[PDB]
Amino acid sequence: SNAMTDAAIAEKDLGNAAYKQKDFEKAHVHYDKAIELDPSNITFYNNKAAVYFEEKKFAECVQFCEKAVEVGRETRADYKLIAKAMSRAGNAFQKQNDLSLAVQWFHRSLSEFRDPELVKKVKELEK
């Protein structure tokens, strides 16, 4: 789109390079800068969620998944990337030993985009 939205992407790319080295602090710095430049881009919220998940900050991961979903809907982003946020949230809830919330999110995710592996995973979790 514009000078700002390109600038944001460039910060995301810097965040990914830190993320790839497991420098999670620096990854957040850059993704935060991305969101500062262009808060309408779902990718930044999902990438921050992914960092939080690897840090075992599962409640923060969920919070950013929730942001991705809200942003994704407001901006009419690719519904598949909204589904990804939803499954990530489900996984973060599993890691918190919260099956109830995990399954709520997984069902959201499947309704957003039918992931064949997740369908099987959810049936197993509901056994």
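Residue numbers here begin at 1 and follow the sequence given.
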query: Residue range whose averaged C-alpha B-factor is higher in the record, 23-31 or 60-68; finding: 23-31
query: B-factor third for the C-alpha atom of residue 12 within its chain; finding: middle
query: Chain third (lowest, middle, highest) by recorded CA B-factor, residue given as residue 46; finding: lowest
query: Lowest, middle or highest third - CA B-factor, residue 99; finding: middle
query: Chain thirds of CA B-factor: placement of residue 73; finding: middle
